[PDB]
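Residue numbers (PDB author numbering): 1 to 40.
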């Protein structure tokens, strides 16, 4: 239940961020933290 995070718009997270260790999860949130946090 972990991973890394990147910033931009590759997961529709325009303005927020996204998290996917292979582009397989592509899960984004507004709190970049929600990226690492909730992303897990």
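Positions of the beta carbon are idealized from the N, C-alpha and C atoms, including for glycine.
| Item | Value |
| --- | --- |
| Own chain partners of residue 10 with C-beta closer than 6 Å, once the 5 adjacent residues on each side are dropped | 18 |
| With 16 other Cβ atoms within 10 Å as the buried cut-off, status of residue 26 | exposed |
| Nearest candidate by alpha-carbon position, reference residue 15, set 7, 39 and 38 | 7 |
| Secondary structure of residue 35, DSSP reduced to three states | helix |
| Beta strand (DSSP E) segment containing residue 25, residue limits | That residue, residue 25, is in no beta strand (DSSP E); it is neither H nor E in DSSP. |
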